[PDB]
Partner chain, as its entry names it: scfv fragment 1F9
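In structure tokens, the next block holds one chain alone, the form deposited without its partner chain.
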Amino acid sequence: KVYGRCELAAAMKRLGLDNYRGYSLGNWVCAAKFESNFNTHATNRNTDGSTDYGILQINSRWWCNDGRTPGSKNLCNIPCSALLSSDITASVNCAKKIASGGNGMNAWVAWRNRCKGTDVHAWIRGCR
């Protein structure tokens, strides 16, 4: 499914991402925008042989197991396929785990590059 900006913001808010680990909601919406363009089915093969999955592009070498990545740590303890549904719950739960790390949102390259230090409130401006 391809979410609309406000719809994703509402969903993220219900799942408790607003101010999670000190990051206001707009950060998570921004991240989703640049990581997958709000597409729950986005998949991106990495050079190192890993693949990023879903709305928050979670990596098969460290976070979920896809059954084809040499040395998967599967720290979220979930199959990567669970990250491809229209329901963003599994992706949010794993993202919570990743951002609980000392580096927070820095784990997402797109966030680091396009969202960090910007007016993240613009991502939820005009929403319900």
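Just so we're on the same page, rigid core means the largest C-alpha set that superposes within 1.5 Å between forms. Positions refer to the first chain, counted from 1.
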*Between 66 to 74 and 89 to 97, which has the larger RMS C-alpha deviation from this form in 8 other deposited structures of this protein after core superposition?*
66 to 74
*98 to 106 versus 23 to 31: which one's CA atoms end up farther from this form in 8 other deposited structures of this protein after a core fit?*
98 to 106
*asked:* Mean CA temperature factor from the deposited coordinates, higher in 43 to 51 or in 82 to 90?
replied: 43 to 51
*Read off the CA B-factors in the entry, average them over 4 to 12 and over 118 to 126, and name the higher stretch.*
118 to 126
_Peak C-alpha temperature factor (PDB record), options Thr69, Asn77, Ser100, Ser36_ = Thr69
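This next part talks about the form solved in complex with its partner chain, which is not shown.
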*Does its partner chain come within 4.5 Å of any heavy atom of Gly67 in the bound PDB entry?*
no
_Distance check, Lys96 to its partner chain in the bound PDB entry, heavy atom within 4.5 Å_ = yes
*Contact test in the bound PDB entry: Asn106 vs its partner chain, heavy atoms, 4.5 Å*: yes
*Considering only heavy atoms, tell me if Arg61 and its partner chain come within 4.5 Å of each other in the bound PDB entry.*
yes
*Taking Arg21, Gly102 and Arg112 together, does each of them reach its partner chain in the bound PDB entry with some heavy atom inside 4.5 Å?*
yes
